[PDB]
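Presented below is the structure to which this report refers.
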Amino acid sequence: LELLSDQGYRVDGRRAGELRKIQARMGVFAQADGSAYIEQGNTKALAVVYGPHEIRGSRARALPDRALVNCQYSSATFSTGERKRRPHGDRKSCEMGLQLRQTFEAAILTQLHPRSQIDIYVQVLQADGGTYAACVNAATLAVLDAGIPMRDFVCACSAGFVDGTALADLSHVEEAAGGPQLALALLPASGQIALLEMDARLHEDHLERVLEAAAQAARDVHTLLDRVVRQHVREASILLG
Amino acid sequence: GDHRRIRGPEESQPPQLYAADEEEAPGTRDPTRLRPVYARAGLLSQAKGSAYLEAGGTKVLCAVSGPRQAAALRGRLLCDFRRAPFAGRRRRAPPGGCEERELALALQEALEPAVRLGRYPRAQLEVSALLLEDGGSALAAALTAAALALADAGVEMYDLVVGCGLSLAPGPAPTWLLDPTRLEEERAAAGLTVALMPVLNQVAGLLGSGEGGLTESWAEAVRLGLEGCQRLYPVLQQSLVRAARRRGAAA
Amino acid sequence: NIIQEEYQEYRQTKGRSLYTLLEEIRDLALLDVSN
Amino acid sequence: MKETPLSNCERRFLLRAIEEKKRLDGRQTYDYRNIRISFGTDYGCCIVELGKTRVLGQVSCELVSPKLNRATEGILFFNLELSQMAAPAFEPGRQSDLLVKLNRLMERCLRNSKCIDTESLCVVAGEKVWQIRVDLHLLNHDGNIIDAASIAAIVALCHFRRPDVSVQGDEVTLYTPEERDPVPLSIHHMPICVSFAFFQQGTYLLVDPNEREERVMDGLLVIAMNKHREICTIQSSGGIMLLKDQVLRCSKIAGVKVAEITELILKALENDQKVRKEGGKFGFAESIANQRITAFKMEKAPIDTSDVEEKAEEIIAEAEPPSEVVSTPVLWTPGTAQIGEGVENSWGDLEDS
Amino acid sequence: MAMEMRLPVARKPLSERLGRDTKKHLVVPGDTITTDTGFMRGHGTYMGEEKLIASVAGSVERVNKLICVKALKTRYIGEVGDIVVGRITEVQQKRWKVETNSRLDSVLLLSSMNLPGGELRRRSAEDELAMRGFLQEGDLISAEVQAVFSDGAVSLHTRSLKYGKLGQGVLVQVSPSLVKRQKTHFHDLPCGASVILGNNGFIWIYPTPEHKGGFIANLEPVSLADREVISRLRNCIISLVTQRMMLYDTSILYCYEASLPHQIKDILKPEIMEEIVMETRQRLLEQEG
Amino acid sequence: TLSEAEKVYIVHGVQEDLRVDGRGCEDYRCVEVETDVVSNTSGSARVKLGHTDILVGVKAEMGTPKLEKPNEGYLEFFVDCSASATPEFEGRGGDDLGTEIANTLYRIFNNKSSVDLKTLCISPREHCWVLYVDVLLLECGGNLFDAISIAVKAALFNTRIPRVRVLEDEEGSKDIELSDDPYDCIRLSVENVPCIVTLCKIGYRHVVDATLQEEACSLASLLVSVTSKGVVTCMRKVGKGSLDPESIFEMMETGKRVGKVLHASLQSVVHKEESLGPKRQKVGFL
Amino acid sequence: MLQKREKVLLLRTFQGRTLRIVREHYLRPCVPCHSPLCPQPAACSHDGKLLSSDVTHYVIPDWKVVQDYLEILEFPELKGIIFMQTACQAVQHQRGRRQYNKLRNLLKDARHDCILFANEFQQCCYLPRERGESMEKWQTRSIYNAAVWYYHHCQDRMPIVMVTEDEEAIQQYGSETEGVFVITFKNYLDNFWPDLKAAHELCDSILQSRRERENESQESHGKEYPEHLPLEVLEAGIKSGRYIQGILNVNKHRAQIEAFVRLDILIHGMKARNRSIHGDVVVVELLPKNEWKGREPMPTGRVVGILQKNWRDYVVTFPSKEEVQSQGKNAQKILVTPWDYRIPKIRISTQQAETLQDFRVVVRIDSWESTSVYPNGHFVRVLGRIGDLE
Amino acid sequence: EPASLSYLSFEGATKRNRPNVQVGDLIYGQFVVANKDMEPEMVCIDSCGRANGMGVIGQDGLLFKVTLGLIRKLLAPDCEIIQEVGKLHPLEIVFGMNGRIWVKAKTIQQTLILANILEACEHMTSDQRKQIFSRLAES
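Protein chains in written order, with the authors' numbering: chain L, 3 to 243; chain G, 3 to 72, 90 to 270; chain S, 1016 to 1050; chain U, 1 to 353; chain Z, 1 to 212, 217 to 293; chain R, 5 to 290; chain W, 1 to 263, 276 to 307, 327 to 421; chain H, 137 to 275.
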């Protein structure tokens, strides 16, 4: 099956270094302390966070120096072509939520809430392509909605490598083809990487180019989400006064 | 499969699905009769309170443990419903079942309206019921027995709980029946079970689902359920009298 | 070309090293010089 | 129970050392702790010791029916496990956030690299095919669990030898090491993990850190890269914030180190095969150091089995025979009978009525 | 009774219905704020390398050396001499625990409590037994913050006559940034009820205490003419708090007067709220302006 | 939880036909049902009764008939309770509530005439259609039963069930052949799908659509399942207090009337939403 | 910039499971048109192979004229061809990999006038399906609209000639835009290119062989080999004395025809050979003397079932590079060439074909299937290297 | 079980001039109650009350762990281990009967060498072995 024609167009019609269309929203729920909603291409995510509160259970499990970030992950049973229902014991949700806890224990400036918990929940309503970057961006937006301070605006994007070229924002069709996928979590101001992932084989000479293309696609996501945040803050400033 | 049990065959189809004897015909009866019931209290010796209830083809054993450590200002009432695997047409998975949890909750939302937990702060009561055989109305036995066990174990309650059961005939002129059996329950269209306090005259629990959609049949099903709960009371009246006469005379 | 600068850079340590000596000390302390 | 806490003197001591670029046990930055392999007697069993860590690897295969779809391959389980003896803290159900990342590291490396040939592990299609199942155990925790676990899995998989079968027409047959000789496996490449630790916000790095150096570190970078020049996985984790020249430096380091490690592994497997083929003695027994106080050897010994007949005979003869009060069974009504002191009446009746 | 079933309507963004341009300075996390020779960081910002970097979305407010960013969604932060309202969630041996929408729990010490009697009779260990009897689980108090602990905790005291356990009424919870700072947070609105505008986001509405500490129960029926007023204020408070309006006495009085013409049951519609908020906006515009 | 004085004020108000919102003893707050929100599924709904939030999905798949009857399909319910709704629902903890709702829904739908079962069988003893109803709790704001029994009738009204004309003949292509048309489906005749009506009892008066605060002041309640035609399917009593025989008879009339009005108004609103088709766009979560 | 749209699909898997997979589509403003009269160079910049205007016209098959008649459109006298990607996609998803590989070689060549056009990635040539449709009608509609757009972008300067083998496109589409015709192919040739009579004769050849085509393809139905049957039939048919059974061999000069049935019965044909291999024990009836053939009329047979079932285990090879790079790079199915002329080719599924093109391998056989003309297989083990004695 | 100090157990400590003790610091001190009836309790100045080197120790050294046998061997009146080991590298040690040792050499290299070579002195009996080992490590 052709994943890259001779003219250079992909299956869905975009070039190598081209992103999908994103369409976000801020302030979706009322009961919670924060909310967000993002649709990166054809993947629909959702995130809900709860502000610093008293530690549940009170089982002397606190940290006297910082706060306790607790992130979960779930997925609807109609998120793909087949039903594929899973119990709440799978190790895919735990490992992705553990990478989420790892990146948000590094992005959030957590040494300001001693003896406090931060509960982060992510719900995926339709998964087609990169789920990790959509969850990271949806929870960054939900945390911003909650007013929690952070060092920067963390954003994630993936990439690939087919026939000597580097792709960007791979889809499920391209992902399920046995290629060197790779994902980051970037802080735009400093260029630092909070998490790095890859799978399948790839020669060492093209790692620099796949990583650079992924970082550039993350910097391209940064501007598009930045305009959404600026429009939201200008909206609320207009509302206030 | 399970690392805490003895592993056998991975799959096992019971011979009922291969049973070449076609399903028989139940028959007919008078819907104004009750199966004779025998009740005994204080059966187990190592339990704080226990009771054993048997009527026709139904065999249920209930035991009550005393208050233990751990709406406070009030005590909890833990419940646990479990039926023997050797009951009914087929075998059942030992680990559990959604039917067992639904009936456990239908028990919990029916024995708490009787006892007064405002006398056991920070304590809790645990009730365990076991069905040795399913030969008729079951929820009409897991309520009477778990209330008799509570009354013989010396916990303070406002009144007892007496249960009954009903089922709907599948004919062109359906009529509700009292104390149905498996031959009259698997061929039925609907069923109803009531939990009535006989003295306080207050319904404790209600449950019913089926094909009867006119709000004039359920009035009779409810009120004949109330007549059943007022007719089963005297046997439970003499059962606790005999139980207390023997317990006191045992000193 | 690129292979030999970093070859001489990231080799296992050559010969008489401290780790060598301290492991010698460990297995001579646990030795048995009476059989 | 928990682990001894970390003082504020050890942190200071490790960090003045690391700034000065000298470590406790003498090895410089770009060094490994030397390795020591030991082979069992039945195939697919080895003991690797990296420094003072131990891992036990053991492969074993078995014949099942191949699911639905993928009718012409075989399956490959894995199950890492952490033994309570590795360290005080490990507890059967209280360390559930290391097991996951470890099993994952191992599975992504071994199964996505496509070095084992699971194509040619079929007998029929739609019917019985071999299902291998690797198993590793951690015995002693001294830091760098994953390098040792990976080397262990590699050696255990490159030392297994299957059973073997005859298939012709539509008929099966299963041999045994006396009927037919066990057969090796087919291994394309050898993916071997490497780890790096970062100290005081990426300013220094140290190759192959142990458990104390592990408690004074920010985050970890692992880079799994098979032989030749082909990288197979990387997984940054911990608390680190990385640059881009550094990933390349790390890749160079892992290349060099995996070259050397593959040298060692190949040499050890060859020597082991030579020993097994010469005809000498092998196994876990003939590995115990003899120049050491805690080893002792004893050939066989008949102890004296000359007396047991007499003792048993006199014991049986010298004790009281079974007695002869025989009891009677009572019959109430077919179905129930009682034996013992019995009950007075025939049965209770109208006791309280 | 018809059980009206309307359909959702797309929201109109940019607030074009009135039209305003902001003259403020707005920032987002990662933006580099002014980096002159010497400045002091406020709450909402942090420092990197010779840089003042904003860490939360909001608007900068400076008073003469101080760059800080004021976020529009936070949790309550305690300050000395601040009126708060809370609920008891735990009764301990020598304290209670009260939830007041803060990052932690708030402690009400037994040493600071108006015990029944309201005078100098005694204080000893005999009271410790019955302290957990009257202040039971899930009760409402209205106290004043005493001091700030070393980990963001707040200690609150009840050493007055206006503070103590509250009685009948309704509670409405909003965000703790819509209550306007004043010098009198206690009000006696000339409608038939009163209100306490807790700085932590707890709004309590209760009828006027007829003539003239929790000693009185007064568990007797409340007249019909008082419930309709409490329901009117409850709905008006929800209406004013929702879109933007900052809450205080005149806005609530203005909307209450504006709400007489039509019934209390029918005001839940998106447009009736709009036709009341705009009317209150223009009445405030023609009064203040 | 709420104090004793608040409970006394609320019960007195209920006895006076006044409530904190301002409605009466029988008024019902509006809802915002919608359809066709999810793409990958074959039917959707989104019910908003207040602070609560529901989202469901129906997917029709190929399957095998059960043993007792070959000319039928079956229904499988699974009421998930997402942990984003409330922090105490983190991981384990939403299992008991989900099982309670799923078993109640099964009892509601466990009848021969619920919608149909002939339509979902194509070849006796060899094939049948299966329906996957997937409820997803997003927020909890009280009265969850009616807010789910409405989103189920709504999603069931929006099913597709793409028609398959494959011949079962052995000589012919027995393997299931579809119609190859991406927009060729069939309706489901859901006119008489029942719904649940909850009637909380406070004091000696019963209240429809009680809020969480008004639910905490009540001691018992009864659930009735009524179709558009006005027939009863299931009847389960839930609560922590006794009820008395009389109040059953005087709650049945209110359950019947509220059910009839609820069903007629839902038919009217669904026909209004359906009268205009691909126009009006679709807005949800954005 | 771009404009998202969707595409549903109905994929049928091997197990009989269909699914409504949904997928993406991204339109663009400016699809390059690779023409020398594009009235704005910069917007696309024409960075590829670019025609030179000398021709009288331009002919675009709609989908079929390149599906089957492709073998015509190679003559270096033919000039001015442009391919619409929708036809390429049709032929790829309908004609396997061989015809498509010739087509893509045709395109990737600086000898002809072939280019490719992004009909489906252009913002006003894309059209969505409607109530009541088919791939053919939707296809012709899309091709028509693409033609009209290309004409109007050309400013009505170069006369487009839409050729079809559809007749209804002729009667309707070709009458409502001045400067563009919908004519049949032979009419195209005659009307324009007489001295190409060689093509005229090859077209008449292929059109008479076309009239054949439907007759051979509709006289084949849905069965390829006689279906087998039980054994009790074969005991009886032996005993009653209507079935001989012996060994069976094949010639090797001629190995698809000259099959012998050692009692010699001449088996002619694969459809007569009925999925069976040498060294086998097959039961056979006789046949009427009016249908026997020559080497005189010999007693040919008919095999219905195989009692006893004797296989073996051969040595085969993998295809060549320039025909693997076209298989994809994750090419599940593959074809293998045996080493003796007596054996058919075998269908197996592997994922190492691009790094074993210098080795002999070994396979076996599990099941002969009738929806394939070949038998299925699976790899067994590696062998030595082609070139060294070992 | 963990032990238990008191704020006034240090030298000259009162309700006002409390001593500075953080979490995760090493203390030299002696026991006064160690029966199997309570958590052990230790005071940290003296019997009389003048802290003789006791209190919080360790600022630029290394604390490692050895077995009880080596501690018993070193704490002997006829032990020449410390004198000879200190002949090569000047040192100062504070032994602990729980299996802990605090060392402080001059150079970090010497501290590494003393830390490694002291754990092995329980074995490798003197004379035929010790002089050659000392000569080899001289370097």
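Ideal Cβ positions, reconstructed from N, Cα and C, are used throughout, including at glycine.
Which residues in chain L sit within 8 Å of residue 73(Z), going by Cβ to Cβ distance?
Reading the fifth sequence from its first residue, position 73 is the one you call residue 73(Z). Correct list: 35, 36, 147, 148, 149.
Under 7 Å by beta carbon: chain Z residues contacting residue 191(L)
Against the first sequence, residue 191(L) aligns to sequence position 189. Here the neighbours are 30.
Using only the alpha-carbon positions, how far apart do residue 156(R) and residue 143(L) sit?
Within the sixth sequence, the letter at position 152 stands for residue 156(R). Within the first sequence, the letter at position 141 stands for residue 143(L). Rounded to the nearest angstrom, the two C-alpha atoms are 32 Å apart.
In whole angstroms, what separates the C-alpha of residue 317(U) from that of residue 330(U)?
For this step, residue 317(U) is matched to residue 317 along the fourth sequence. For this step, residue 330(U) is matched to residue 330 along the fourth sequence. Inter-residue distance for residue 317(U) and residue 330(U) is about 36 Å (C-alpha atoms, whole angstroms).
Best match in 358(W), 396(W), 360(W), 87(W) for proximity to residue 369(W) [C-alpha to C-alpha]:
Taking the seventh sequence and counting its residues from 1, one reaches residue 369(W) at position 338. Ranking the options by Cα distance to residue 369(W), first place goes to 396(W).
Here's the rule I'm using: 16 or more other beta-carbon atoms within 10 Å means buried, otherwise exposed. How should residue 253(R) be labelled?
Position 249 of the sixth sequence, counted from the start, is the residue given in the question as residue 253(R). So residue 253(R) counts as exposed.
Kindly list the residues whose CB is nearer than 7 Å to the CB of residue 146(H), restricted to its own chain and excluding five residues on each side of it in sequence; keep chain order.
Your numbering for residue 146(H) matches position 10 in the eighth sequence. Taken in chain order, the residues that qualify are 155, 180, 181, 191.
Length of the line joining the Cα atoms of residue 146(G) and residue 160(R):
Indexing the second sequence from 1 puts residue 146(G) at position 127. Indexing the sixth sequence from 1 puts residue 160(R) at position 156. Approximately 41 Å between the Cα atoms of the pair.
Reduced DSSP category for residue 75(R) - H, G, I as helix; E, B as strand; rest coil:
As a position in the sixth sequence, residue 75(R) is number 71, starting the count at 1. DSSP places residue 75(R) in coil when its eight states are reduced to three.
Which residue's Cα is closest to the Cα of residue 201(H): 254(H), 266(H), 143(H), 139(H)?
Your numbering for residue 201(H) matches position 65 in the eighth sequence. It is 254(H).
Establish whether the CB of residue 352(U) and some CB of chain G are separated by less than 7 Å.
Residue numbering aside, residue 352(U) sits at position 352 when the fourth sequence is read from its first letter. Yes, because at least one Cβ of chain G sits closer than 7 Å to the Cβ of residue 352(U).
Quick one: does residue 48(R) have its CB under 7 Å from some CB of chain L?
In the sixth sequence, residue 48(R) corresponds to position 44, counting from 1. No, residue 48(R) lies away from the interface with chain L (no Cβ there is under 7 Å from its Cβ).
Chain S contacts made by the region 15-27 of chain U, where a contact means CB separation under 9 Å
25, 26, 27
DSSP-derived helix/strand/coil call for residue 239(L):
Counting from 1 along the first sequence, the entry for residue 239(L) is found at position 237. Residue 239(L) falls in the helix class under three-state DSSP.
Please report the distance separating the alpha-carbon of residue 1023(S) from that of residue 115(U).
For the purposes of this step, residue 1023(S) is taken as residue 8 along the third sequence, with counting starting at 1. For the purposes of this step, residue 115(U) is taken as residue 115 along the fourth sequence, with counting starting at 1. Taking the straight line from one Cα to the other gives about 30 Å.
Own chain residues within Cβ distance below 8 Å of residue 271(Z), not counting five before or after:
Start at 1 with the first residue of the fifth sequence, and residue 271(Z) comes out as number 267. Within the same chain, residue 271(Z) has close Cβ partners 239, 243, 263, 277, 280.
Exposure label - residue 76(L); buried when at least 16 CB within 10 Å
Numbered from 1 along the first sequence, position 74 holds the residue referred to as residue 76(L). Flag for residue 76(L) reads buried.
Taking three-plus beta-carbon pairs below 8 Å as touching, is the region 197-204 of chain L in contact with the region 228-248 of chain U?
With contact defined as three or more Cβ pairs closer than 8 Å, the region 197-204 of chain L and the region 228-248 of chain U are in contact.
Do the CB positions of residue 91(Z) and residue 123(Z) come within less than 7 Å of each other?
Position 91 of the fifth sequence holds residue 91(Z). Position 123 of the fifth sequence holds residue 123(Z). No, Cβ-Cβ distance for residue 91(Z) and residue 123(Z) is not below 7 Å.
Where residue 1041(S) meets chain H, residues with beta-carbon distance less than 8 Å
Taking the third sequence and counting its residues from 1, the one referred to as residue 1041(S) is at position 26. Ordered by position in chain H, the residues that pass the 8 Å Cβ test against residue 1041(S) are 256.
Compute the beta-carbon to beta-carbon distance between residue 85(Z) and residue 202(Z), rounded to the nearest angstrom, for a pair I have assumed lies under 8 Å.
For the purposes of this step, residue 85(Z) is taken as residue 85 along the fifth sequence, with counting starting at 1. For the purposes of this step, residue 202(Z) is taken as residue 202 along the fifth sequence, with counting starting at 1. With a Cβ gap of about 3 Å, residue 85(Z) and residue 202(Z) count as contacting.
Residue ranges of each beta strand (DSSP E) within the region 138-197 of chain W, 3 or longer:
160-163, 180-183
Would you list the one or two residues that DSSP bridges to residue 282(U)?
Here residue 282(U) corresponds to residue number 282 of the fourth sequence, with the count starting at 1. Its beta-bridge partners do not exist; DSSP assigns none.
Terminal residues of the alpha helix (DSSP H) in which residue 13(G) lies:
Along the second sequence, one-based indexing puts residue 13(G) at 11. Counting along the chain, residue 13(G) falls outside any alpha helix (DSSP H), and DSSP gives it neither H nor E.
Comparing alpha-carbon positions, which option in 157(L), 99(L), 116(L), 172(L) lies nearest residue 182(L)?
In the first sequence, residue 182(L) corresponds to position 180, counting from 1. Checked all of 157(L), 99(L), 116(L), 172(L); the closest Cα to residue 182(L) is 172(L).
DSSP three-state label for residue 209(H), please.
The residue labelled residue 209(H) in the question sits at position 73 within the eighth sequence. Helix at residue 209(H).
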